[PDB]
Colleague: 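I am attaching a structure below and will ask some questions about it afterwards.
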Amino acid sequence: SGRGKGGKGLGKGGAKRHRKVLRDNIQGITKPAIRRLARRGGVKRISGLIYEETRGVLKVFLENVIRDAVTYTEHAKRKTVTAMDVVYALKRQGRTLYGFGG
Amino acid sequence: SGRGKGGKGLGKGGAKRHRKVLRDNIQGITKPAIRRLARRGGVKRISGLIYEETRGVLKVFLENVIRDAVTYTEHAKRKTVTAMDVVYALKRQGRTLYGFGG
Amino acid sequence: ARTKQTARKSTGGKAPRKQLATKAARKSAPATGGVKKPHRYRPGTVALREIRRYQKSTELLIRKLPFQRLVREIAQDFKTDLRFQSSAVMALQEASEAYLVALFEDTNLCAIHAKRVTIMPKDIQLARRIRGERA
Amino acid sequence: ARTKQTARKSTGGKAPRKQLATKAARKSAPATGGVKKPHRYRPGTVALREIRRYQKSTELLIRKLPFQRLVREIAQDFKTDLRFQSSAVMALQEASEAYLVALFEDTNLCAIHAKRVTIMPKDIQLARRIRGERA
Amino acid sequence: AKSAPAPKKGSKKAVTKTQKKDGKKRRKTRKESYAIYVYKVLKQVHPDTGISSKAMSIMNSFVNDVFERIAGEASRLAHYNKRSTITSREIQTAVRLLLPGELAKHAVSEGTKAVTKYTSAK
Amino acid sequence: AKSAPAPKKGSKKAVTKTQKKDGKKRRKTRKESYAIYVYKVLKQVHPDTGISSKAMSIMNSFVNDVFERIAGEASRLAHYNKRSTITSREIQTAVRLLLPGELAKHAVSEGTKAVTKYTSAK
Amino acid sequence: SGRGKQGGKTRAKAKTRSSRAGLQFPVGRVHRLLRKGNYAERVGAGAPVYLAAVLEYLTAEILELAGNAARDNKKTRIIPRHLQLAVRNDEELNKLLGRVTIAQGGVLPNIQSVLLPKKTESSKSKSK
Amino acid sequence: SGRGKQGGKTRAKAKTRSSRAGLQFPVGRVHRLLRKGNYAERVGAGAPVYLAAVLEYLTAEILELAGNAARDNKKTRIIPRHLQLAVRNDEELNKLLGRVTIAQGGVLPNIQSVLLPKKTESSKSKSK
DNA sequence: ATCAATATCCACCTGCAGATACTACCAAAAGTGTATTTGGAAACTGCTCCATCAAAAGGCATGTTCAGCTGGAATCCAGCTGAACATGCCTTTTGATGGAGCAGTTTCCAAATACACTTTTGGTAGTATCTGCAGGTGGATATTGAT
DNA sequence: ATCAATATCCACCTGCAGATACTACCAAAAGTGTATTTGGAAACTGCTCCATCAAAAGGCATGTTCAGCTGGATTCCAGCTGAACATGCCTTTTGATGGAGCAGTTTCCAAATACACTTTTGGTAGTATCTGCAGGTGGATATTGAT
Ligand SMILES: [Cl-]
Ligand SMILES: [Cl-]
Ligand SMILES: [Cl-]
Ligand SMILES: [Cl-]
Ligand SMILES: [Mn+2]
Ligand SMILES: [Mn+2]
Ligand SMILES: [Mn+2]
Ligand SMILES: [Mn+2]
Ligand SMILES: [Mn+2]
Ligand SMILES: [Mn+2]
Ligand SMILES: [Mn+2]
Ligand SMILES: [Mn+2]
Ligand SMILES: [Mn+2]
Ligand SMILES: [Mn+2]
Ligand SMILES: [Mn+2]
Ligand SMILES: [Mn+2]
Ligand SMILES: [Mn+2]
Ligand SMILES: [Mn+2]
């Protein structure tokens, strides 16, 4: 309840701190999910190569916004990315978002 | 004297003689100038309907930029549109132009 | 005639000209004449039904946890040891989905421009290039 | 082994030759009618030559006076009796031409996307919609 | 009787010591919003219509975004003209630059009407 | 009773002269630019290369543009963090947000170098 | 006149600049925000009045249209969806908010014509 | 030989801030412009130095590339065309100036392959 | 056109997350009063540069002829991609707990603002010399396209 | 393959728009000295909410089958658009005069800022209780698709 260590982040000792390696999570953006986004976009038929192409485009989109959001986070000396860090990052990339503050 | 139908002689097709004061103007942006613009843009073949389309687009662009430039002119209480008024108008429309800030 | 008595000639007799119509394909009547029956909507009908459904709703379309792991993975590659407000992740998801949906709208316009109804990678590529995201 | 055959004097491109007559004949059509297959570049060869010429230069491509007139006319709709600094008009022309040239590049990509080499109004329209100018 | 001077400024919750009623955990810094004003306007236009908190968060973003866009445009206008004061005149021109046709027209009318009224008092 | 102390080829003298103001400061509304500094840098990178006036104006616009973008980004950064001061740290972070990869690394390296030198400077 | 002392209250005391300008939005707050944002060294008295009036006006416009969308969808409470329908179906607000995303707004129903079925979908010579 | 604080001799503008920073760009002017730009209430001393250094560095990067372009075109004087060539052929400068128009800059030579002679076949080996 | 398989519509209903309602407190927000400072509007006008002529001189737009080759209509068909289905897993949901770390509160000085004063400098102006390269001429040779 | 008809390029030459070198002048740009103010980092810690665990279960993902109909390839040819010409309209230039009005300067006052008080108010917090509508059911009506 306020005891531990920190420094490098978090941790315990008597076997208690998680965080497994994160990899290949872009595959979590599934074919059904992309089909649903395309449907809301008014798309009726989709070529098989669209799914990997869409993952690639989303990865670039996310890398760009997250890069700026984390830059705001670090400049503020924080270790937690805030909704505001994301809103400002979105705004500076010309993707203004309403609903999350600011 | 009617004469001809296109070729030699005098009075034959292609014989106008005035200079504006309500005439061409947008029609003054010629098919040849538009073709040249397209060539610099890498275009090899042009539909006959492109010329009027281009005039329409160019008029919208100028209306937009000139409207804002004149808004800056009036705010300044001036009667003369300056290069800066145009530079500021272009910048706010996302079309920053370098070379005219003297 | 033949002046006798039979009542054969003509009236359906003589030869055929009557014993009409199709033979099968009503509900089943397995005698052969109309294949089987299981109900199927035609290709495209359900796709159109899904467009109407999803354009009427607003819920996020990517699963939440999988999207959250992608965000964490990418962020982690930029800077280790980050934590996220949960609304920061929802903000990224709202923005990401609106971005993709709008891009699919432009991509569809590109497929249609080429006389197709099927979007392909080149349509996405053309839309991103005209947008200035690529070239 | 001779000197004959030619005996084609030493110089002189004159056709009438060494005896009266002095027309402008040389090696074409001193008469009045045909020609014998004049020279013609194929459709597309000169268009390609123009693309290379204009992509190498930077001079404005729309005539100055007709452009100035258009600008003044448009401005008169927002405020009458305005004057323009000469560089204001030039700034507008530099910006307008750069805008149109870049739009033609996009329009060209749209034509090619549809398997054409000829740009059409629908290509300009698609490009402007994707850019968010129409949209 | 008397509040000032100091200290305390930014009180609430110091160690413990409490009389009655459990509240005010070390005063949160106030986060202002346009919500009560947005709500006031909503009732004028649609008396029996409510608004969800998410829609209200959207309205708050909208008002803050337009405020920043108009103020930024006014700022630039003032600097371009070497003026150190943003007056209603810079706001008006920023409005004409930022808003599309009919909206700018009605916005300019309301802004002008408000300044004229404001200056008609006292 | 005069002998025409001065002919008629312009204007005459007004008693005494001026060793300042009227000298030549009127239409002297100073209009500064980065031209002489851009010129100095061109010499360090290309000693035998010149630059046309039109090109120099492009450069002046360039420096002014980047200054505004970096300063504007630094401004928002400080405001977002509730800081009334723009320090080298805000300039650095603004540079990282505005400039593409390699350009940012070298810009940051140059900025950090100038501030260090400047610091360890008399 | 010369410091001294004063008495009586007619100007206001309890009269906000908002009431004085005939507004619902807060003139005092807008004035403070204009000063806090570093837009200029000085802010005239009329600037926050004009700006508050404009913000109030735009708010009324979006709420009018959004309440209409909620009514059209048989709802009495405005949610993000209604704001998005109001904005995207209005030419001018759509342009003002052209690069803005309203969270949980969805999109306008819109299927391109060429994608709808037809011709009874039966070849030309009775086939596929 | 004593005095104290050094606030005496050479009371003149000893060294400019730019000189102390090892810069060619005007630190004092950059300081003044930051202050008059209304970017923030206060401006720290190192901010105009860091910024002047970045402005000088970027200027050097573009002049280096435009000078190379002038040189490749057999010229010793940089004109707008050379700045355009320099920026557009540089991936990062091109992106930084992605929404900027260099007057009298022209465009980069570029013909879509499908438009080249003989149906469609890029070919070329000179610059391709 | 009839019939059937399903989707879709709507009335009716209930649970409940979110919305909404009073009581309580207060630190910042906001208004009123006086005094003091000053940004910039108003009037005058100097001189920069914008508008109009004048008026040849010919670069370039426009109209015409001809047909090459492009756009797009019409056909065929391999196989991609949508629809439907079985299976079962992993996202979602509901509830909990430690503790990282964001953020409130007071202290305290390095560094910024505020000023007076001295010095330095970039910009404006003349007047004057210098020079990179555009534009022109030869003539070579590369390209294009018919035979 | 041969070779004419043109386009295109390189080497050189020179006038001149435009860059450059030198001197003169000055307001303001900039730096230095000293005296005061203060933003915001430290340090300490209240208090939020982030990471993570648990367990259950059903919405939804996955993987497969089957074949409808789409995209891709091919062929054909009407007719649009490019290339080449013949005119001759009208932009371009340049030379040079009015005078509009931008822009420099001096006044001067309406309104801004600074400062000290006092009242007002929006936001935050604790508690409780409504209320709009999601989500579900059940039957009626509509849509789609086979014949
Ligand atoms: Cl593809
Ligand atoms: Cl078309
Ligand atoms: Cl005002
Ligand atoms: Cl600093
Ligand atoms: Mn990783
Ligand atoms: Mn003054
Ligand atoms: Mn034919
Ligand atoms: Mn073809
Ligand atoms: Mn801790
Ligand atoms: Mn000097
Ligand atoms: Mn040359
Ligand atoms: Mn303090
Ligand atoms: Mn499975
Ligand atoms: Mn088949
Ligand atoms: Mn097809
Ligand atoms: Mn006058
Ligand atoms: Mn209250
Ligand atoms: Mn329901």
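All values below come from the heavy atoms of this structure, side chains included, with hydrogens, waters and symmetry mates left out. Labels below follow one simple rule: chain letters A, B, ... track the order of the sequence lines, proteins then strands, and each chain is numbered from 1.
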Colleague: Go through the structure and list residues passing ring pair (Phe, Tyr, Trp, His ring centres under 6.0 Å) with D:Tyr41, not counting sequence neighbours.
Modeller: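 Ring pair (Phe, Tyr, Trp, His ring centres under 6.0 Å) list for D:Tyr41, sorted by chain: D:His39.
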Colleague: Are any side-chain N or O atoms of C:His113 and backbone N or O atoms of D:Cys110, one a donor and one an acceptor, separated by less than 3.5 Å?
Modeller: yes
Colleague: Checking B:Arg78 side chain against B:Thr80 main chain: does a donor-acceptor pair fall under 3.5 Å?
Modeller: yes
Colleague: Assign the ring pair G:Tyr57 / E:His106 to parallel, tilted or perpendicular, where the plane angle (0 to 90°) is split at 30° and 60°.
Modeller: tilted
Colleague: Going by atom types alone, do D:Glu133 and D:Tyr99 pair a side-chain donor with an acceptor below 3.5 Å?
Modeller: yes
Colleague: Sub-3.5 Å donor-acceptor pair from the side chain of E:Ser75 to the main-chain atoms of G:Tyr39, do we have one?
Modeller: yes
Colleague: Does a side-chain N-to-carboxylate-O contact under 4.0 Å join B:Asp68 and E:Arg96?
Modeller: no
Colleague: Considering only NZ, NE, NH1 and NH2 on the basic side and carboxylate oxygens on the acidic side, decide whether D:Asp77 and B:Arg67 come within less than 4.0 Å.
Modeller: no
Colleague: Under the salt bridge (charged side-chain N to carboxylate O under 4.0 Å, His left out) criterion, do B:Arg55 and B:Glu52 qualify, and how do the steps go?
Modeller: CA-CA 5 Å; B:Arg55 291 186 181 105; B:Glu52 281 296 290; 2.5 Å; yes
Colleague: Strictly below 4.0 Å, N to O, side chains only: are D:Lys122 and B:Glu53 in salt-bridge contact?
Modeller: no
Colleague: What I want to find out is whether F:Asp65 reaches F:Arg69 closely enough, with some N-O distance under 4.0 Å, to be called a salt bridge.
Modeller: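 Result for this pair is yes, salt bridge flagged.
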Colleague: Ring pair (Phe, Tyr, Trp, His ring centres under 6.0 Å) with B:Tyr72: which residues, sequence neighbours excluded?
Modeller: B:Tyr88, E:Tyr80
Colleague: Report yes or no: does H:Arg88 contribute a side-chain atom to a donor-acceptor pair with the main-chain N or O of H:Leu108 at less than 3.5 Å?
Modeller: no
Colleague: Would you please say whether a donor-acceptor pair under 3.5 Å links the side chains of E:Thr87 and E:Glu90?
Modeller: yes
Colleague: Answer yes or no: is there a donor N or O on one side and an acceptor on the other, between the side chain of B:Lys44 and the main chain of H:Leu115, under 3.5 Å?
Modeller: yes
Colleague: Would you confirm whether D:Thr80, through its side chain, and D:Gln76, through its main-chain N or O, come within 3.5 Å as a donor-acceptor pair?
Modeller: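 Checking the backbone N and O of D:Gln76 against the side chain of D:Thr80, no donor-acceptor pair under 3.5 Å is found.
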Colleague: Taking the side chain from D:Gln93 and the backbone from D:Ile62, do they hold a donor-acceptor pair closer than 3.5 Å?
Modeller: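 Yes, the answer is positive, given that a donor and an acceptor are paired below the 3.5 Å cut-off.
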Colleague: With a 4.0 Å cut-off on N to O distance, would you call F:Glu68 and B:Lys91 a salt bridge?
Modeller: yes
Colleague: Is it true that B:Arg36 and D:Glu50 have a side-chain N and a carboxylate O under 4.0 angstrom from each other?
Modeller: no
Colleague: If we ignore angles and hydrogens, is there a donor and acceptor under 3.5 Å between the side chains of H:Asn38 and E:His79?
Modeller: yes
Colleague: Less than 4.0 Å between a side-chain N and a carboxylate O, is that true for E:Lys105 and E:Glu102?
Modeller: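 The answer is no: the pair does not qualify as a salt bridge.
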Colleague: Please list, chain by chain and in numerical order, all residues satisfying ring pair (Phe, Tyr, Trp, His ring centres under 6.0 Å) with F:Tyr37, sequence neighbours excluded.
Modeller: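 Counting only residues at least two positions away or on another chain, F:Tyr37 forms no ring pair (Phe, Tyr, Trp, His ring centres under 6.0 Å).
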Colleague: Do we see a donor-acceptor contact under 3.5 Å between the side chains of D:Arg128 and D:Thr107?
Modeller: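 There is no such pair between these side chains.
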Colleague: Okay, side chain of D:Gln55, backbone of H:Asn110: is any donor-acceptor separation there less than 3.5 Å?
Modeller: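 Between the backbone of H:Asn110 and the side chain of D:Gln55 there is a qualifying donor-acceptor contact (under 3.5 Å).
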Colleague: Could you tell me whether B:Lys79 and D:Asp81 make a salt bridge, using a distance below 4.0 angstrom between a side-chain N and a carboxylate O?
Modeller: no
Colleague: Check B:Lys59 with B:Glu63, please: is the shortest side-chain N to carboxylate O separation under 4.0 Å?
Modeller: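 Looking at B:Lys59 together with B:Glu63, the answer is yes, because their closest N to O distance falls below 4.0 Å.
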